[PDB]
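A.B. asks: Handing you this structure, nothing more for now.
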Amino acid sequence: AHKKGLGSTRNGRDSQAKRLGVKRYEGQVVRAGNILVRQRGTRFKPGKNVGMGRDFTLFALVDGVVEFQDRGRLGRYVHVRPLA
Amino acid sequence: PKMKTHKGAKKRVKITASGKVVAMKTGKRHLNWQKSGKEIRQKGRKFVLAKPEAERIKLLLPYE
Amino acid sequence: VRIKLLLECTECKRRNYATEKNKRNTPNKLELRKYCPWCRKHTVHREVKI
Amino acid sequence: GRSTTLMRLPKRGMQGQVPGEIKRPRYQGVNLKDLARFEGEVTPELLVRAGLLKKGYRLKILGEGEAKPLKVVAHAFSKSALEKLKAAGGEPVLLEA
RNA sequence: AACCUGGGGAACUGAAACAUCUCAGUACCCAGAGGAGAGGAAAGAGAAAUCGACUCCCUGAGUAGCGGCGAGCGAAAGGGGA
RNA sequence: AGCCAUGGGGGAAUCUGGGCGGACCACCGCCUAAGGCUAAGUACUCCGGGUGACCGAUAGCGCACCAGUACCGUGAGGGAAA
RNA sequence: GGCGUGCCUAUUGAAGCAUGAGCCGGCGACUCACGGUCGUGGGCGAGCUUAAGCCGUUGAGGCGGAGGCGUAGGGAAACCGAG
RNA sequence: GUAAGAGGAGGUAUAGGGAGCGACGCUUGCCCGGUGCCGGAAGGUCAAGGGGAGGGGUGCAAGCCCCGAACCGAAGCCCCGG
RNA sequence: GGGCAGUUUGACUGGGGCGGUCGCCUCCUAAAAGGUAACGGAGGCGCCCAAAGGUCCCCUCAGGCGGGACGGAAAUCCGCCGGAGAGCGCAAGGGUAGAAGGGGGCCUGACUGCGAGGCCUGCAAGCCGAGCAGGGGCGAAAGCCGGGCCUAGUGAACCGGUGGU
């Protein structure tokens with residue numbers, strides 16, 4: 001067989017991925033305190049009774065429904081409007 | 001003959017009066033300092049389910 | 001690390017508590033911060049113990 | 001390997017010293033809607049011949065029930081079961097005189 | 001033949017490891033007594049001014065405690081009876 | 001960590017003497033230690049008599065029978081067939 | 001003449017140049033005790049049932065409530081009490 | 001050998017046990033830093049013990065019970081040299 | 001005190017041993033949700049700030065050329081230009097000047113009793129939070145405050161130390 005000086009490495013380390021994305025979209029009701037956007041930076045700025053927490057994360061604040069927005073010179077918006 | 005109720009379980013469990021095994025919150029001792037009061041009172045009472053089958057099945061004899 | 005260590009704050013006017021940390025290295029003599037105890041409203045709070 | 005969920009902490013306060021247990025009076029409660037069923041008088045030694053109580057040292061009236069005048073007979077009595085007893089009934093405390 | 005009292009008294013095995021704990025104060029070694037053995041009248045029990053040698057059964061009770069609070073081991077009092 | 005039991009050392013008293021009621025102290029009870037004997041109720045089956053939703057010569061006791069026989073090993077012991 | 005890779009165990013997968021078996025007979029392996037537990041067959045029903053024992057029988061049953069289960073839970077505990 | 005006692009040995013440092021080498025001829029150099037071993041009446045650390053300044057429970061108190069410093073308590077390891 | 005007794009003496013793993021490795025966070029492999037293996041690639045965490053925290057008043061950079069005693073590629077100031085290449089402790093990724101960055105004033109919400117309803121997930125644990133209520137800081141107000149721009153800085157239980165009830 002013969003197997004001279006081989007070796008090893010150092011890269012056997014991969015951080016556990018955490019479930020990251022958006023949870024509730026428009027057309028979907030959310031009733032007060034239901035997270036809907038998991039993000040790192042502000043990929044999705046809040047708005048109309050949308051709420052962000054201590055880690056960039058959008059959640060329900062009204063018992064209503066989501067919808068979207070694109071304000072280039074301001075960012076990307078999410079708005080959870082309920083009913084009258 | 002007679003089974004044997006579990007000492008440990010008994011002396012650390014709260015199976016409710018409805019076949020529900022619901023114990024106490026775990027993770028409070030050498031902790032506390034750089035931690036939210038949130039974490040303090042949320043390490044109060046607990047819950048749990050599923051393996052509580054085995055818990056009930058172990059309670060037994062005086063049930064409890 | 002024990003240099004920043006770990007201490008706690010009690011009220012004057014008999015006992016009371018609240019959970020905190022320190023930093024002896026940094027210009028940290030003693031501390032009389034201002035918090036709330038279990039009883040009544042906000043008051044003093046004195047530094048003590050490990 | 002892991003503690004078979006034994007990771008759950010204990011809360012059984014005063015779970016045991018060594019001189020056995022403290023000899024205290026254990027009471028016994030009874031729904032006074034069960035009381036509404038029968039009529040006459042309810043002594044300790046009587047109600048255990050019936051189907052409740054069973055040598056339960058002391059009796060505390062409690063539960064829901066109806067405004068029926070009778071001679072309840074016991075030791076202590078629930079404050080909220082004492083409000084159904086105002087509607088009608090007699091109240092004897094601690095027994096012997 | 002087996003049971004019975006006392007003196008010596010393990011290990012596997014369990015705790016999926018292994019000492020502490022288990023198995024067990026069991027197997028076996030020794031001593032001796034007898035149709036029984038042993039036990040036996042309270043320096044007890046236990047909380048009530050409550051009972052009244054000893055062995056036996058059931059219940060109390062897998063209760064109360066014991067415990068690297070794990071394995072698991074596991075009382076007497078009271079009660080009904082012999 | 002009481003109580004019971006005690007191997008070494010110290011070392012009492014006689015009814016205001018004294019053990020215990022689970023550190024220990026007060027009290028209030030409880031029982032009278034450091035001498036001995038006691039049947040029966042319980043256990044056991046070499047033994048005999050009765051019974052069976054027990055086996056029917058590989059099952060059944062190891063052995064239905066000339067079995068603790070042949071024969072195997074020095075030996076303690078093993079253990080047939082029929 | 002058409003066709004046709006033994007049986008088992010184990011394998012991703014085997015006829016196997018993997019294993020087990022010469023052949024036939026008989027023996028031979030998921031039980032039981034107590035507790036627990038889901039149901040299910042009935043009787044009773046806010047009630048249910050007795051263990052030891054005692055009596056009777058010669059396969060004859062019967063007394064025997066001591067106890068266990070049930071009517072209430074919450075809390076570590078005191079205690080509160082349909083809260 | 002738990003022990004009584006046994007061998008040693010009714011032998012006595014030219015005698016008895018243990019180790020390395022292995023006739024005889026030549027010869028056997030440096031290191032006491034780690035360690036083992038020899039000794040060394042100052043000393044550090046440390047045991048039960050001895051001691052009692054000082055604290056507490058409890059009784060009205062007499063008292064009883066527990067906690068316990070100073071400081072004296074070995075072997076030993078450290079220390080010192082060979 | 002191995003002289004003798006009973007026991008420990010990890011696992012992975014292109015056969016095992018040596019070497020390396022074990023958990024936490026980032027970026028690929030990861031095939032536009034999630035997620036997705038390897039002794040597959042690339043680096044980081046066991047700490048820091050009582051101000052680097054919390055509110056109110058406020059400013060905006062790195063750089064480019066031109067101009068100047070020391071300075072002079074680059075200490076400093078000035079002119080004009082300059083939409084994030086600066087900074088935001090620490091690795092990278094996300095993000096950010098309509099602030100999270102940088103200066104000052106008062107302070108101390110690294111608050112209590114709770115928590116609707118969601119993330120995530122085998123369990124466990126971890127993540128997020130409106131509002132309620134006590135009272136508290138600042139703010140003219142509107143209002144924010146259950147530490148830090150966010151993801152690493154962490155250890156269920158059994159044992160007990162210490163203050164209290």
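Going by the structure tokens order, chains are called A, B, ..., each with residues numbered from 1, while ligands are numbered from 1 in the order shown.
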I'd like the contact shell of segment 11-13 of chain E - 12 Å cut-off, only C-alpha atoms (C1' of nucleotides), skipping same-chain residues fewer than 5 positions apart - returned as a list in words.
C.D. replies: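 My reading of the contact set: residues 22, 23, 24, 26, 27, 28 and 71 of chain E; 6 of chain I.
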A.B. asks: Write the residues you've just listed into a file as a PDB file, in the first residue's frame, and include C-alpha atoms (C1' of nucleotides) for each of them.
C.D. replies:
```pdb
ATOM      1  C1'   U E  22     -27.052  -3.029  43.751  1.00  0.00           C
ATOM      2  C1'   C E  23     -27.474  -7.942  43.675  1.00  0.00           C
ATOM      3  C1'   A E  24     -27.591  -9.298  49.737  1.00  0.00           C
ATOM      4  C1'   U E  26     -28.333 -13.569  49.139  1.00  0.00           C
ATOM      5  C1'   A E  27     -25.220 -18.186  47.654  1.00  0.00           C
ATOM      6  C1'   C E  28     -22.062 -21.034  50.306  1.00  0.00           C
ATOM      7  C1'   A E  71     -29.715   2.597  40.017  1.00  0.00           C
TER       8        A E  71
ATOM      9  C1'   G I   6     -11.033  -4.438  42.202  1.00  0.00           C
TER      10        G I   6
END
```
A.B. asks: Applying 8 Å and only C-alpha atoms (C1' of nucleotides), which residues near segment 33-36 of chain B remain after dropping the ones on its own chain fewer than 6 positions away? List them as a PyMOL selection string.
C.D. replies: (chain C and resi 6+19-21) or (chain I and resi 110+146)
A.B. asks: Please write the residues from the selection above to a file, keeping N, CA, C and O atoms (P, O5', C5', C4', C3', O3' and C1' of nucleotides), as a PDB file, in the first residue's frame.
C.D. replies:
```pdb
ATOM      1  N   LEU C   6     -18.471  40.476  38.686  1.00  0.00           N
ATOM      2  CA  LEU C   6     -19.916  40.399  38.860  1.00  0.00           C
ATOM      3  C   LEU C   6     -20.331  40.772  40.278  1.00  0.00           C
ATOM      4  O   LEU C   6     -19.995  40.082  41.241  1.00  0.00           O
ATOM      5  N   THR C  19     -30.209  42.986  39.291  1.00  0.00           N
ATOM      6  CA  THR C  19     -29.026  42.278  38.779  1.00  0.00           C
ATOM      7  C   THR C  19     -28.130  43.105  37.847  1.00  0.00           C
ATOM      8  O   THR C  19     -28.604  43.671  36.860  1.00  0.00           O
ATOM      9  N   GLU C  20     -26.834  43.154  38.157  1.00  0.00           N
ATOM     10  CA  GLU C  20     -25.889  43.990  37.406  1.00  0.00           C
ATOM     11  C   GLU C  20     -24.478  43.415  37.225  1.00  0.00           C
ATOM     12  O   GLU C  20     -24.179  42.309  37.676  1.00  0.00           O
ATOM     13  N   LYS C  21     -23.624  44.193  36.556  1.00  0.00           N
ATOM     14  CA  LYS C  21     -22.209  43.865  36.366  1.00  0.00           C
ATOM     15  C   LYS C  21     -21.338  45.079  36.725  1.00  0.00           C
ATOM     16  O   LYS C  21     -21.860  46.103  37.165  1.00  0.00           O
TER      17      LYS C  21
ATOM     18  P     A I 110     -31.443  51.175  30.578  1.00  0.00           P
ATOM     19  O5'   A I 110     -31.273  49.859  31.465  1.00  0.00           O
ATOM     20  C5'   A I 110     -30.078  49.086  31.405  1.00  0.00           C
ATOM     21  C4'   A I 110     -30.351  47.599  31.440  1.00  0.00           C
ATOM     22  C3'   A I 110     -30.487  46.992  32.832  1.00  0.00           C
ATOM     23  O3'   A I 110     -31.352  45.857  32.780  1.00  0.00           O
ATOM     24  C1'   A I 110     -28.625  46.039  31.746  1.00  0.00           C
ATOM     25  P     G I 146     -37.186  48.904  25.912  1.00  0.00           P
ATOM     26  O5'   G I 146     -37.290  48.300  27.382  1.00  0.00           O
ATOM     27  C5'   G I 146     -36.164  48.298  28.253  1.00  0.00           C
ATOM     28  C4'   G I 146     -35.979  46.960  28.926  1.00  0.00           C
ATOM     29  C3'   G I 146     -35.835  45.778  27.978  1.00  0.00           C
ATOM     30  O3'   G I 146     -34.888  44.842  28.490  1.00  0.00           O
ATOM     31  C1'   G I 146     -37.807  45.523  29.322  1.00  0.00           C
TER      32        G I 146
END
```
A.B. asks: List every residue of chain A that DSSP, applied to the backbone of this structure, assigns to strand (DSSP E or B), and report them as a PyMOL selection string.
C.D. replies: chain A and resi 22+26+29+35-38+45+50-52+57-60+65-66+68-71+75-78+81
A.B. asks: Compile a residue-level contact table for chain B against chain I at a cut-off of 12 Å, reporting for every qualifying residue the shortest atom pair and its distance in Å to one decimal, with only C-alpha atoms (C1' of nucleotides) counted, rows ordered by chain and ascending number, as a tab-separated table.
C.D. replies:
```
residue	atom	partner	partner_atom	distance
B:8	CA	I:158	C1'	10.5
B:12	CA	I:157	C1'	10.6
B:24	CA	I:156	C1'	11.7
B:25	CA	I:156	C1'	9.8
B:26	CA	I:156	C1'	6.1
B:27	CA	I:156	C1'	5.8
B:28	CA	I:156	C1'	8.7
B:29	CA	I:156	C1'	10.0
B:30	CA	I:155	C1'	9.1
B:31	CA	I:155	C1'	9.6
B:32	CA	I:110	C1'	11.1
B:33	CA	I:110	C1'	8.6
B:34	CA	I:110	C1'	6.6
B:35	CA	I:110	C1'	7.4
B:36	CA	I:146	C1'	7.2
B:37	CA	I:146	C1'	7.0
B:38	CA	I:146	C1'	6.6
B:39	CA	I:146	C1'	10.0
B:40	CA	I:146	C1'	11.2
B:41	CA	I:114	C1'	8.7
B:42	CA	I:114	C1'	9.9
B:43	CA	I:125	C1'	11.3
B:44	CA	I:114	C1'	11.6
B:46	CA	I:124	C1'	11.6
B:47	CA	I:124	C1'	11.3
B:48	CA	I:123	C1'	8.9
B:49	CA	I:123	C1'	9.0
B:50	CA	I:123	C1'	8.4
B:51	CA	I:123	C1'	7.8
B:52	CA	I:123	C1'	10.5
```
A.B. asks: Compile the contact shell of segment 77-86 of chain I as a PyMOL selection string: residues with an atom at most 8 Å away, counting only C-alpha atoms (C1' of nucleotides), same-chain residues fewer than 2 positions apart removed.
C.D. replies: chain I and resi 61-64+66-67+97
A.B. asks: How would the residues just chosen look if you wrote them out with N, CA and C atoms (P, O5', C5', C4', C3', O3' and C1' of nucleotides) as a PDB file, in the first residue's frame?
C.D. replies:
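After the write, selection_38.pdb holds the following:
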```
ATOM      1  P     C I  61     -18.510  66.063   5.262  1.00  0.00           P
ATOM      2  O5'   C I  61     -17.177  65.263   5.601  1.00  0.00           O
ATOM      3  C5'   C I  61     -16.925  64.811   6.920  1.00  0.00           C
ATOM      4  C4'   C I  61     -16.822  63.309   6.965  1.00  0.00           C
ATOM      5  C3'   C I  61     -15.687  62.700   6.157  1.00  0.00           C
ATOM      6  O3'   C I  61     -14.437  62.763   6.821  1.00  0.00           O
ATOM      7  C1'   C I  61     -17.684  61.513   5.725  1.00  0.00           C
ATOM      8  P     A I  62     -13.063  62.768   5.983  1.00  0.00           P
ATOM      9  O5'   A I  62     -13.048  61.359   5.246  1.00  0.00           O
ATOM     10  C5'   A I  62     -12.392  60.245   5.830  1.00  0.00           C
ATOM     11  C4'   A I  62     -12.158  59.158   4.813  1.00  0.00           C
ATOM     12  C3'   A I  62     -11.266  59.527   3.637  1.00  0.00           C
ATOM     13  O3'   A I  62      -9.879  59.480   3.920  1.00  0.00           O
ATOM     14  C1'   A I  62     -13.222  58.543   2.813  1.00  0.00           C
ATOM     15  P     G I  63      -8.945  60.722   3.501  1.00  0.00           P
ATOM     16  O5'   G I  63      -9.222  60.918   1.941  1.00  0.00           O
ATOM     17  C5'   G I  63      -8.805  59.945   0.992  1.00  0.00           C
ATOM     18  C4'   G I  63      -9.587  60.044  -0.295  1.00  0.00           C
ATOM     19  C3'   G I  63      -9.099  61.071  -1.302  1.00  0.00           C
ATOM     20  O3'   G I  63      -7.993  60.619  -2.064  1.00  0.00           O
ATOM     21  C1'   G I  63     -11.438  61.253  -1.071  1.00  0.00           C
ATOM     22  P     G I  64      -6.937  61.673  -2.664  1.00  0.00           P
ATOM     23  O5'   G I  64      -7.780  62.493  -3.738  1.00  0.00           O
ATOM     24  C5'   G I  64      -8.106  61.922  -4.996  1.00  0.00           C
ATOM     25  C4'   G I  64      -8.543  62.977  -5.979  1.00  0.00           C
ATOM     26  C3'   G I  64      -7.662  64.216  -6.047  1.00  0.00           C
ATOM     27  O3'   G I  64      -6.514  64.036  -6.859  1.00  0.00           O
ATOM     28  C1'   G I  64      -9.923  64.871  -5.874  1.00  0.00           C
ATOM     29  P     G I  66      -2.737  69.928  -8.309  1.00  0.00           P
ATOM     30  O5'   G I  66      -3.277  71.373  -7.912  1.00  0.00           O
ATOM     31  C5'   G I  66      -3.741  72.272  -8.908  1.00  0.00           C
ATOM     32  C4'   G I  66      -4.471  73.446  -8.303  1.00  0.00           C
ATOM     33  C3'   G I  66      -3.710  74.248  -7.261  1.00  0.00           C
ATOM     34  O3'   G I  66      -2.762  75.137  -7.820  1.00  0.00           O
ATOM     35  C1'   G I  66      -5.897  73.847  -6.486  1.00  0.00           C
ATOM     36  P     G I  67      -1.364  75.392  -7.069  1.00  0.00           P
ATOM     37  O5'   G I  67      -1.794  75.986  -5.658  1.00  0.00           O
ATOM     38  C5'   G I  67      -2.418  77.256  -5.582  1.00  0.00           C
ATOM     39  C4'   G I  67      -2.469  77.771  -4.168  1.00  0.00           C
ATOM     40  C3'   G I  67      -1.218  77.569  -3.333  1.00  0.00           C
ATOM     41  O3'   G I  67      -0.199  78.507  -3.631  1.00  0.00           O
ATOM     42  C1'   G I  67      -3.140  77.047  -2.050  1.00  0.00           C
ATOM     43  P     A I  97     -29.014  55.605   4.677  1.00  0.00           P
ATOM     44  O5'   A I  97     -28.324  56.994   5.051  1.00  0.00           O
ATOM     45  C5'   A I  97     -28.933  57.892   5.968  1.00  0.00           C
ATOM     46  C4'   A I  97     -27.966  58.963   6.405  1.00  0.00           C
ATOM     47  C3'   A I  97     -27.642  60.033   5.374  1.00  0.00           C
ATOM     48  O3'   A I  97     -28.599  61.076   5.360  1.00  0.00           O
ATOM     49  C1'   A I  97     -25.650  59.272   6.428  1.00  0.00           C
TER      50        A I  97
END
```
A.B. asks: Give the answer as one residue: which of H:36, H:7, H:44, H:29 has the shortest atom-to-atom distance to residue 77 of chain H, using only C-alpha atoms (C1' of nucleotides)?
C.D. replies: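 Answer, going by the shortest atom-to-atom distance: H:44.
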A.B. asks: Select all residues from chain I having any atom no more than 10 Å from an atom of chain C (counting only C-alpha atoms (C1' of nucleotides), ignoring ligands), output as a ChimeraX atom specification.
C.D. replies: /I:46-50,107-113,134-136,162-164
A.B. asks: Output as a ChimeraX atom specification all residues of segment 2-97 of chain D that backbone DSSP marks as alpha helix (DSSP H).
C.D. replies: /D:32-37,44-50,84-87
A.B. asks: Please check the contacts: residues of chain I at most 12 Å away from chain A, using only C-alpha atoms (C1' of nucleotides), listed as JSON, numbers by chain.
C.D. replies: {"I": [13, 15, 18, 19, 20, 21, 22, 23, 24, 25, 26, 27, 28, 29, 30, 33, 34, 35, 36, 37, 38, 39, 40, 41, 42, 43, 44, 45, 83, 92, 93, 94, 95, 96, 98, 100, 115, 116, 117, 118, 119, 120, 121, 126, 127, 128, 129, 130, 131, 146, 147, 148, 149, 150, 151, 152]}
A.B. asks: Find the residues around residue 40 of chain H up to 12 Å (only C-alpha atoms (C1' of nucleotides) counted), leave out those fewer than 4 positions away in its own chain, and share them as a PyMOL selection string.
C.D. replies: chain H and resi 79-82
A.B. asks: I need the chain D residues near chain E as a list in words; criterion: at most 8 Å, counting only C-alpha atoms (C1' of nucleotides).
C.D. replies: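 My answer is residues 16, 17, 18, 20 and 21 of chain D.
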A.B. asks: What residues in chain G lie within 8 Å of chain B, counting only C-alpha atoms (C1' of nucleotides), written as a list in words?
C.D. replies: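 Residues satisfying the distance criterion: residues 33, 34, 35, 36, 37 and 73 of chain G.
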